[PDB]
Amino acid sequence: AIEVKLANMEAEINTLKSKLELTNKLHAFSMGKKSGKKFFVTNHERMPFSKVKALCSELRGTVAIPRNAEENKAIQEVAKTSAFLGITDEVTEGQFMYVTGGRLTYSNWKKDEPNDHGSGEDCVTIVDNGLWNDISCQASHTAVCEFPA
């Protein structure tokens, strides 16, 4: 009994793992996930940057980061409005870094941006043009999370 039931439950668990992996694949597919491409998702809610980071972290994703022109357009299409990107110069003013780590390998700044305007701007938003503007991290913009290809 004991050993047999234990062996069966191991098989029951592996079956459930396989099934959950399928559920995730189907949901990603339904979410527009393209083959071999990372995918962006939004609930269309606008919130401060800290909340966006906390939200994506919960979902085991990261705040969306465009690494090239295609991903930048992809993010733009998903958000439809201004949205925070996983980029900030919070650590050292003027030096924008990825929340995931490292210096920018790609950027699409609007003319004369980033400008740390007025009281200060350490976060980044992709606007209704695909272009970027640094803005207050306390301002509320669309939450867009990224998940791996």
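The numbering used is simple: start at 1 and walk along the sequence shown.
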Would you determine, from the values in the PDB entry, which of 121 to 129 and 9 to 17 has the greater average C-alpha temperature factor? 121 to 129
Comparing 98 to 106 with 63 to 71, which has the greater mean CA B-factor as deposited? 98 to 106
CA B-factor ranking of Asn43, expressed as a third of its chain: lowest
Quick one: classify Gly86 as lowest, middle or highest third of the chain based on its Cα B-factor. lowest
Please place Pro114 in the lowest, middle or highest third of its chain according to the CA B-factor in the PDB entry. lowest
Within this chain's modelled residues, let me know which third the CA B factor of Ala149 belongs to: lowest, middle or highest. highest
Tell me, lowest, middle or highest third: where does the Cα B factor of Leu55 rank within its chain? middle
